[PDB]
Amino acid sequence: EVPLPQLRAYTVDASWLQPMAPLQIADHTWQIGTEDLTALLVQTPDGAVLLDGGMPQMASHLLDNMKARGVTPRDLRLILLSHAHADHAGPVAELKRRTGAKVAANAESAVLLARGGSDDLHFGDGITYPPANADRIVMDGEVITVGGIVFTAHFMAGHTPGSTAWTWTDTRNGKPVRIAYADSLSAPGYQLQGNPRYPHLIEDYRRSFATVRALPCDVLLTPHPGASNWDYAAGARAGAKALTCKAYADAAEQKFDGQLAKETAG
């Protein structure tokens, strides 16, 4: 007899799960995730902000790195997200349980997070993770100021409907540094043209390349560091090769155009 298949776990390259110590980006901003997944800690005189958590199993590691940075569970005030896929919002439910953190997200990201990434537009139920509730819904261009660090939301729908770039100005050498944490612009295996679950997908991606291109962007970071040419394992040279927002947007668009062409042929 042939039974139905076993459930399949969402497995990822080992590097995405490889713990790293905190890597400083600017005076208040640290990469505290893994070698190949971004989780940004921003430390304020009025508590901390986390942008992304990576995979579900990273919760304790993130907590460890926060502790090394001087941040206790009570000190974590806000979680922001690029997009609510398992490899970026994975540990959010657990972080909410174990810290003081509240989540702010747009409606699309909130709805996807609340269903734990199940019924994904492209990936079905294959990337389900523990669901969490958003505490605050943000609109496009809305600001959240935490201890004078002002975070601005820039919607960049495509990779998910709720995909968001987050921007803020930190310092280095008494000089302002405009950090752009731009979301993914990939469409891996997606049906792009005439997708019934996402009829305006192509229009949304096109608008998003333009949005990303135009961001205040002294330093670009991305959920997958490779997408912006960061190498978190490279120490003092980790960001040396980083793309500009312009170059990231252009590369993503050129890739997308190729994908569209391949789809038409397939």
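For every residue, the number given is its place in the sequence shown, counted from 1.
- A summary of the deposited B-factors shows that, of 97 to 105 and 155 to 163, the stretch with the larger mean C-alpha value is 97 to 105.
- In this entry, 22 to 30 has the higher mean Cα B-factor, the comparison being between 22 to 30 and 216 to 224.
- The top Cα temperature factor in the record, among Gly117, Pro91, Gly141, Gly174, falls on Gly174.
- For the set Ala180, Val71, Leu81, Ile137, the maximum C-alpha B-factor listed in the entry falls on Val71.
- Annotation for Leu50: CA B-factor lies in the lowest third of the chain's modelled residues.
- The PDB entry assigns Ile127 a C-alpha temperature factor belonging to the middle third of its chain's modelled residues.
- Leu37: CA B factor lies in the lowest third for its chain, per the PDB record.
- Residue-level temperature factors show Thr11 in the highest third of its chain, judged at the C-alpha atom.
- Ranked against the other modelled residues of its chain, the C-alpha B-factor of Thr145 as given in the entry falls in the highest third.
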